[PDB]
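Below, each chain spelled out in residue letters.
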2 protein chains.
Amino acid sequence: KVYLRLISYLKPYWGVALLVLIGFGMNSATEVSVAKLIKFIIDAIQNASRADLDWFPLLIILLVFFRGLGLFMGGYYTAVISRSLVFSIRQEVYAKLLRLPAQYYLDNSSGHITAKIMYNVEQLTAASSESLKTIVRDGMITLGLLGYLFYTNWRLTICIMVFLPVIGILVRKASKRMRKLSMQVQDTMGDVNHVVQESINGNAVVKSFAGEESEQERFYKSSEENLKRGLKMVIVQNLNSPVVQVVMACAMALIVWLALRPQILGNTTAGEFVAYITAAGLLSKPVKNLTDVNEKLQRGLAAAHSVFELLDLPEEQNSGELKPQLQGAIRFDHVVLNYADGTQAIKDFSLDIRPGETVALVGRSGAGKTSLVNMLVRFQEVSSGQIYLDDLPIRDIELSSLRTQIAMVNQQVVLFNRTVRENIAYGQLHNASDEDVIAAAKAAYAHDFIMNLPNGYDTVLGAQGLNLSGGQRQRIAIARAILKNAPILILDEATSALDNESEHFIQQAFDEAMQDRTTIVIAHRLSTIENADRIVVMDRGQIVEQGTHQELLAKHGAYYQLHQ
Amino acid sequence: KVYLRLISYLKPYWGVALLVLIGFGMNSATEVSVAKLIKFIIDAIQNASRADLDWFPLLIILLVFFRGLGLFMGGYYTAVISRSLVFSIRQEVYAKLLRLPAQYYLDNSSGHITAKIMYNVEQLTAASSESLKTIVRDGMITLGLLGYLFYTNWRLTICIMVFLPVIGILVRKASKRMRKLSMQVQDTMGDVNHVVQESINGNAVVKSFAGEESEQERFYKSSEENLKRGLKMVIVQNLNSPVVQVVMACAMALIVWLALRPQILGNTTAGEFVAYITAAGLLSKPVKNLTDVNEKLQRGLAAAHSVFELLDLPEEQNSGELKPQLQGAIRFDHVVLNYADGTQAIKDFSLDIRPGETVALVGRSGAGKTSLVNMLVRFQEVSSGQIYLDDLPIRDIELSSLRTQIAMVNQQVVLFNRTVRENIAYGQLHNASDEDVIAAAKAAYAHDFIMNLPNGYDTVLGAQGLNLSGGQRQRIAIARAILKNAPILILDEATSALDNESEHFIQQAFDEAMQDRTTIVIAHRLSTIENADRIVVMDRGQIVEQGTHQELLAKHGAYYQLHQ
Ligand SMILES: CCCCc1ccc(S(=O)(=O)Nc2ccc(NC(=O)CCNC(=O)c3ccc(NS(=O)(=O)c4ccc(CCCC)cc4)c(C(=O)O)c3)cc2C(=O)O)cc1
Ligand SMILES: Nc1ncnc2c1ncn2[C@@H]1O[C@H](COP(=O)(O)OP(=O)(O)NP(=O)(O)O)[C@@H](O)[C@H]1O
Ligand SMILES: Nc1ncnc2c1ncn2[C@@H]1O[C@H](COP(=O)(O)OP(=O)(O)NP(=O)(O)O)[C@@H](O)[C@H]1O
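Definitions and limits used
- Residues numbered from 1 in each chain as written, not as in the entry; some residues may be left out.
- Chains lettered and ligands numbered in written order.
- Heavy atoms only, no water.
- Residues with missing side-chain atoms left out of burial classes, pairs and counts.
- Helix = DSSP H or I, 4+ residues; strand = E, 2+ residues; numbered from the N terminus.
- Contact = heavy atoms within 4.5 Å.
- Least-squares fit on C-alpha atoms.
- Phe/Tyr/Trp six-rings, centres within 6.5 Å; stacked < 30°, edge-to-face > 60°.
- Buried < 20%, exposed > 50% of the residue type's maximum accessible area, 1.4 Å probe, protein only.
- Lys NZ or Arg CZ within 6 Å of the ring centre and 35° of its normal.
- Near = heavy atom within 4 Å.
- Polar contact = N/O pair within 3.5 Å; in protein donor to acceptor, adjacent residues only side chain to side chain.
- Areas by Shrake-Rupley, 256 points an atom, 1.4 Å probe, with all protein chains shown as cover.
- Nonpolar A, V, L, I, M, F, W, Y, C, P; charged D, E, K, R; others polar.
- Expected span 1.5 Å × (residues − 1).
- Bend = angle between axes of the 7 residues up to and from the residue.
- Axes fitted to C-alpha atoms, helices over the stretch in contact; angles between N-to-C directions.
- Parallel < 35°, antiparallel > 145°, perpendicular 65-115°, else oblique.

Enquirer: Can you help me understand the overall build of chain A in this one?
Expert: For chain A, the helix and strand inventory stands at 21 helices and eight strands. If one aligns the C-alpha atoms of chain A with their principal axes, the spans along those axes are about 120 × 50 × 45 Å. Within chain A, residue pairs in contact and separated by at least 24 positions form 77% of the contacts whose partners lie at least 6 positions apart.

Below you can see the structure in the form of structure tokens.
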């Protein structure tokens, strides 16, 4: 249950959880004394007393002081507990979100995912910090003053326990509706976030094709739906608070009718009954506030359900092992890549890559080039197969120990909005050295244009590194990959947008490194493949042919086709 | 001023803006009657009256009905007005955000921009919808009760107008502190959003380099800073509401001391003084509520300032013109691209492109390849130069009329998370035809794998179209570009990730189109450049050489270097 799990998050706050009770507890004892205060002043003034009459002024300053000190400490602690608990929620949510599999990222766009911690969790803050204080107040205060009301006269008060089911039904019935609608408005917000996020991502596409008008219609429709849902939610919530007062007002009228009969009014002591009316009003107000905060309470519950679903989602796994890979020799054996959608791209595959080799994959597009690499780094779980990395199961090695020792250059190079040095030295090697980055840049051929930048290595990039160049942005990935001195360098189309001269120097640097690795090259070119130790012709996953550059040319086959 | 401009947004709501006042006005009158109700009941009971005693119960259900009907109608209208106003804000904010220049997108990442409408505007909703009602109540009700208080006894009430400067200073002084801090917390949230958005974008990079631990520290630091700022803001708020009660409580103590002197107590008629105390308490409660909601009120103002800064930001411009471009002939003349950062890449450039030509740009990377293209589409304003599109100024043509008739293929292909058919037919041509998409796919060579997809042309893509393939994702851009039948096709590195076979068919289709255009090709290859009508060798912006494929080879120069 949502409520049960929330309590588990405030376990270390029990010591502070009772201080807030005391602070409002004194406040609960402050608003009950007013009923006694009115009776006391009426008795003193009615009897023309002077000793207890001139003493009244000191009783409101002292009384109000309790409405202050005690209200602040109790009122301020509510924010502390709720804000601290949410801080441990969003912070802990980030860990699982980062540890989630790449498949989850594919299914949900940035707008949907970001709204789940930026808005979903955000509403939980205002729905908990403000709601917890309001509910505990409109609780303990009402409880205390109603207990006092029972003590002064139990006979009349017991009549109040007749309409209680009516208020319960009017609130329970009026709460399930908002709970159902609360999840709907949150879902609509995700669509709103998705449209803006996609528009930001595709600004280049949006402006080029004059799609701004089309984007507005979808965003306008989503905003209209959200507004209608909010207005509908307001109708039910705002309709409940006045109604619950009407039934309580009828109860007050009935109890007054019962009490004010002449046979019961023989000796009333009006000062006593006016205290009763004041207590009744001081119950009516807090219950009205409790009914008003119903929307705030319900909003948090809907957010909590989605948050905990995200927490329970099936994140990645681990095995436990630590090895240096001794120049890991990757040996695929009957590996398949049956995707969730249904497409099959690694139907059949097998290799015996040896340490120090330069195996490269060449073939037609849409065959599984950048799909087999993912399972090597564990970005995609294997199906009906396994990989023997260093003559041992790949799964047995930890993800941290595996990804940290495998340099990668993705087809779509991603650059963070930070300084150039941080991007080149991003990751576990953020504290490598102040000169290692220079060596990596020189090897990658990026040590010529960085100095030409306005600031140099400490220049902040753009939104996604668009401001460097069409080709320079790619060199940053190569630079960081070479900086990461792992004995693996999967150059997955690393030299795609680079110029003829720039790529030639990078190939020369790779050849001259004199630190032979098991680098895998996936390039749609012959210059990089001409020097490959072994060339594997792959089409639709199946290995069409294998051999060296000379062997394939003599055999012709499919390689001869890709030689025009 | 923020307040002045906000009123301008509710101009058409003046008809409903007065109905809410009546609802609160009736509610305000109800709050007045309670003080009269206590006096009436005490006078009736004190005199042992029966005609006005048994009639009292009918004055509670009727009185509460006014606390209902009137509170609901006016209470629900507050949400309607505020929610409708914000709906016209976020909806109108979207238009300017989409019309903003590409430079603004570069400066601010997605997280900063998205948080300015998803959180900045979102806080304005709760800071206005639930704040406007609270201020209207803590106003009308208090004003009416105070007017009644003055009427019954003006002599005593006048003493209240001494502490008023004290409460004003305690509130005015405490308001600027939160206003300054309100902007700080909002700024911190933008950093929180930035980390999450960048992590979502770079999940491939984050996982590959084991950077999850590094990301957590930055996110953890931002969350801690936000929590500390919020806690500091909470201290200011909760420390104000009890204090204003203390000074007001002292005022009431002094006034009661002045009033209760024996000389003034000759004929007190206790029933009237208890009404005085009830009015005093029912004034204390709403002012406390006003102080409490001061926090939400201040939160909205900080958001409003940033929102209006975004609204006032310098969006793009327009001129006003319409033409078919008659196969627009591009004639660059003394064009420069002095960037905002400072780098220069179009130092010198001039051309006389003619209709039906196939001019292509070839040169070294980092020279200005994908920077001059932005001019023709107005993604970047020209400096100390101009472009004559159809022997007329480019600026004179409307942006919509210009972008809508210029097919573009950006180096970084962006695919939206939608169906394939919508993505291929995205933009002004969303209603082209049910068969034209097939022709475009066949021309681009994309009508071979789409049918092999799980659903086909109506299959939802991933977050950014990552699930097609490394090369297929590029073909979608080519498909939409060819579908858009403008007399321009700037193939800016269109064939980069495509294989040798796919690119050949696309080139053949372009040649066979038999619809000669002014297509511009920016490719680091020779297959597309061999058949180019004119080849321009560009280095560092300056035109190194011009001529046909045969001419450049004979002249050697830099072209001979780019031939190995
Ligand atoms: C200008 C100076 C400000 C500063 C200051 C000024 C003063 C101080 S102080 O030291 O004196 N402190 C207080 C003084 C007065 C007060 N207040 C009073 O006595 C009235 C209390 N409410 C009422 O009697 C009342 C009664 C019935 C009402 N409506 S009903 O009959 O329909 C109805 C009745 C029952 C139900 C539910 C039935 C469930 C069985 C439903 C409907 C209403 C209404 O309509 O709201 C109101 C409080 C304090 C304090 O301690 O909180 C301290 C500081
Ligand atoms: N927003 C920008 N801020 C600063 N410099 C920029 C910006 N955009 C481009 N440049 C520079 O302008 C020059 C041209 O780069 P670009 O627009 O990518 O064309 P290009 O480099 O010739 N194509 P490519 O070789 O694939 O990068 C380079 O020196 C870039 O660093
Ligand atoms: N997440 C996915 N969902 C569905 N199909 C996928 C997914 N990832 C890859 N595929 C398919 O698997 C095949 C392999 O594609 P991909 O992983 O891009 O390697 P590739 O096509 O050989 N490299 P490239 O030629 O540059 O695209 C293609 O048919 C893709 O459509």
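There is more to say, and it comes next.
Enquirer: Any chance you could explain the relation of the copies chain A and chain B here in plain terms?
Expert: A rotation about an axis combined with a shift along that same axis relates the two copies of the chain. If you rotate chain A by 180° and push it 0.0 Å along the axis, it lands on chain B with an RMSD of 0.2 Å. When the rotation and shift are considered jointly, the pair of chain copies conforms to a two-fold rotation axis. Residues of chain A ranked by C-alpha distance from the rotation axis are headed by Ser496 of chain A, positioned 3.2 Å from it. Take the interface residues of chain A: 97% of them recur as interface residues in chain B, which is what a same-surface contact looks like.

Enquirer: I would appreciate a short explanation of the packing of aromatic side chains in the present structure.
Expert: Each aromatic ring pair is characterised by the separation of its centres together with the angle its planes make. All names here are of chain A. Taken as a whole, this structure holds 19 aromatic pairs over all chains when the rule is applied. With centroids separated by 5.7 Å and ring planes inclined at 55°, the aromatic side chains of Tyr76 and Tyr77 adopt a geometry described as tilted. A residue is classified by how much of its surface remains accessible, and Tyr76, at 16% relative accessible area, is buried. Centroid distance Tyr104 to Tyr105: 6.3 Å. Interplanar angle 65°. Geometry classified as edge-to-face. A single burial state applies to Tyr104 and to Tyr105, both of which are buried. Put simply, the rings of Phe72, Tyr76 and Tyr77 touch in pairs and so form one group of aromatic residues. Against the face of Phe308 rests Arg5, its NZ or CZ located 5.0 Å from the ring centre.

Enquirer: In this structure, what is going on with the site of ligand 1? I would like to understand it.
Expert: The environment of ligand 1 is made up of 27 residues, and the closest members are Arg67 of chain A together with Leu63, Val64, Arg67 and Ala280 of chain B. The environment around ligand 1 is built from residues contributed by chains A and B. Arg67 of chain A is positioned with one of its side-chain polar atoms (N or O) 3.2 Å from an oxygen atom of ligand 1. Calculation on ligand 1 without its partners gives an accessible area of 1,100 Å², and the protein chains cover 93% of this total. Mapped onto the shell around ligand 1, the elements with two or more residues apiece are α2 (14-46), α3 (58-68), α10 (212-259) and α11 (270-292) of chain A together with α3 (58-68), α11 (241-259) and α12 (270-312) of chain B. The biggest single contributor to the shell around ligand 1 is α12 of chain B, with six residues. Across the shell around ligand 1, the residue classes break down as 19 nonpolar, six polar and two charged.

Enquirer: Looking at this structure, how should I read helix α9 (residues 164-208) of chain B?
Expert: A turn of α-helix holds 3.6 residues, and therefore any two residues three or four places apart point the same way. Residues and elements named next belong to chain B. With 45 residues, α9 extends 64 Å from end C-alpha to end C-alpha; this agrees with the ideal 66 Å at 1.5 Å per step. Where α9 bends most, at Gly202, the angle is about 80°. Positive phi shows up at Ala210, right after α9, with a value of about 55°.

Enquirer: Explain the packing of α3 of chain A against α11 of chain B here, please?
Expert: For any two helices packed against each other, the geometry comes down to the angle between their axes and how far apart the axes lie. It is at 9 Å that the axes of α3 of chain A and α11 of chain B come closest, and there the two elements cross at 170°. By the angle between their directions, the pair α3 of chain A and α11 of chain B is classed as roughly antiparallel. On α11 of chain B, the residues that touch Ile60, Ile61, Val64, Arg67 and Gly68 of chain A of α3 of chain A are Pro242, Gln245, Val246, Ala249, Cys250, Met252 and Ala253 of chain B. Across the contact of α3 of chain A with α11 of chain B, the residue classes break down as nine nonpolar, two polar and one charged.

Enquirer: Quick question: what am I supposed to make of the site of ligand 3 here?
Expert: By nearness alone, 19 residues border ligand 3, and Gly368 and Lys369 of chain A together with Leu468, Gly470 and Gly471 of chain B come closest of all. The environment of ligand 3 is shared, with nearby residues belonging to chains A and B. Side-chain polar atom of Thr343 of chain A to a nitrogen atom of ligand 3: 3.0 Å apart, as the coordinates give it. Here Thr370 of chain A contributes a backbone N or O atom positioned 3.0 Å from an oxygen atom of ligand 3. Burial of ligand 3 by the protein chains amounts to 90% of its free accessible area of 610 Å². It is helix α13 (residues 369-377) of chain A that contributes the most residues to the shell around ligand 3, three residues altogether.

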